[PDB]
Structures are given as structure tokens and as C-alpha cells.
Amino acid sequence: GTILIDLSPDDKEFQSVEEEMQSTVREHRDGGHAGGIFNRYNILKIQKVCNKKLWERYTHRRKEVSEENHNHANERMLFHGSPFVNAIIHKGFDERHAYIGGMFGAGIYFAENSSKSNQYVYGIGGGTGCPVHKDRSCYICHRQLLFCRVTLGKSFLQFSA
């Protein structure tokens, strides 16, 4: 059911997504170990992910959460990096994309910092890096992230290091 529509770099929607990518890069306490050493990206392509069934699955749940939280879905746009991006865009998020060992338990994790999601593109801790060069800081190989619409509803605030 999924089709991918390419956005033109001239499109305001390409530009605003690129700006969210670039402007939410930060330095990481691992010195680049997991995700690489970089202050910015070369954006190669931005595609809109269209799947009617997955979208309706999303909005159905969004309304349930809204009705449980004074008509407030508390919807954000957030980044997600995963070795499983291809399964996600075709079949949706499910238990197999959960971070079983994550600090807030076995759930699906998202980040405001694009660079935080970048640390997970080749696996937890960056895995062994890019499949071709085994480099977590590969400057050659193409990487993919998702920029996602996420319903948080009433969110449990965990103060954390």
C-alpha cells in the first residue's frame, strides 16, 4: 500500500523538513562513537510516505488518545532512526521496532535531535556502522531517517541524565 513521492528541493515542505534535520544536530557525549563526527548533513532526498491504511490506523488511535486527554492529541514531529526503516514505511511501527533495552522500557523511541536518531540508523550504539565499510562515521554511505507524526497524549515526564 505504500507509495513514496519525491519532494522537490524547491518545495517549501522539502525546505522545512531539511531545516528541522539540520537545526537539531548537536554534539553527543560519545564524541561521535555511535553516529559519527559531523555538524551537518548532505540531504540527498526527501520522500513523502503515503499509505492510506497506516494513516487511518494512526488517526483512529489519535482520536482515541485525544478523547482521553481533553481533545488534545499532543502531536509532535519527531525523528526515528532504525535499521528497519524499510519495514516501517511498508508495514507501520510495531513491537519489532521497539527498543527492548531502552531506558524507559521496551517501547518505540523518537528524538527531537536528528543527530540522536542518527546514532541508531546502523543499530543500537550504531552497531558495526555502515554495511559496506563497517564505519559508524562513514561519510560515503547513504543513511535514512524517518521524520514522524507522533501522538504523545498525556506524557509521563521522566527527568533523566
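Numbers follow the displayed sequence, beginning with 1. Between two forms, the rigid core is defined as the largest C-alpha subset superposing within 1.5 Å.
* **Core-aligned Cα RMS comparison in 9 other deposited structures of this protein - stretch that moves more, 89-97 or 34-42** => Higher average C-alpha offset in 9 other deposited structures of this protein goes to 89-97.
* Between 98-106 and 111-119, which has the larger RMS C-alpha deviation from this form in 9 other deposited structures of this protein after core superposition? -> Relative to the shown form, the greater RMS C-alpha distance in 9 other deposited structures of this protein belongs to 98-106.
* Decide which of the stretches 150-158 and 4-12 has the higher mean C-alpha B-factor, going by the entry. => Looking at the record's C-alpha B-factors, the answer is 4-12.
* To do: Would you determine, from the values in the PDB entry, which of 62-70 and 126-134 has the greater average C-alpha temperature factor?
  => 126-134 has the higher mean C-alpha B-factor.
* Asked: Highest Cα B-factor in the PDB entry belongs to which of 111, 49, 98, 46?
  -> Answer for 111, 49, 98, 46: 98, with the highest C-alpha B-factor.
* **residue 29 - which third its CA temperature factor falls in, relative to the rest of the chain** => It falls in the middle third of the chain.
* Asked: Going by what the PDB entry lists, where does residue 77 fall on CA B-factor within its chain: lowest, middle or highest third?
  -> It falls in the bottom third of the chain.
* So where's residue 41 on the chain's Cα temperature factor ranking, which third? -> For residue 41, whose C-alpha B-factor we compare with every modelled residue in the chain, the answer is the lowest third.
* Asked: Which third of the chain does residue 55 land in by C-alpha B-factor: lowest, middle or highest?
  -> Middle third.
* Comparing residue 93 with the other modelled residues of its chain, is its CA B-factor in the lowest, middle or highest third? -> Tercile = middle for this residue's CA B-factor.
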